[PDB]
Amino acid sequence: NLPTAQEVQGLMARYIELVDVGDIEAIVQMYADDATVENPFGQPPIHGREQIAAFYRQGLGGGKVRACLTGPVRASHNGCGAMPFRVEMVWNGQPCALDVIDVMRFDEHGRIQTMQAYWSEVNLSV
């Protein structure tokens, strides 16, 4: 149900695994039907499964991207957590890396209810 701290750690790790593999369908299924994404944080949220699906489609379509944790998942006891990771992608034929922290809140079904992704240009490397 509402994930323990240890379960949050596994779920957020699984999320990164799915991003790395690039399975958009599997990612969207991790989300609650009324979830919101703020990515990057500071931008208007997106709501609902198809909008989130379209977001990840644009972002991860179709290969092109690698992602891995760059430190442990930090987990709370209220079904939330935060994780550091790096996204690798080739942009304009030039390899790029982005350092990101995702903050997630899970619901009582172990689904992602909210996600905030912290990053900006200062976190992009060529």
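One rule holds for the numbers: they count along the sequence shown, beginning at 1.
Which is higher in the entry, the mean Cα B factor of 78 to 86 or that of 63 to 71? Here the higher of the two C-alpha B-factor means belongs to 63 to 71.
Which of 6 to 14 and 20 to 28 has higher mean CA B factor, as the PDB entry lists it: Looking at the record's C-alpha B-factors, the answer is 20 to 28.
Relative to the other modelled residues in the chain, which third contains the C-alpha temperature factor of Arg105: lowest, middle or highest? Its C-alpha B-factor, which the entry lists for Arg105, ranks in the lowest third among residues of this chain.
Position of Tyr56 among the chain's modelled residues by C-alpha B-factor, lowest, middle or highest third: As the PDB entry reports it, the C-alpha B-factor of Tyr56 lands in the middle third of its chain.
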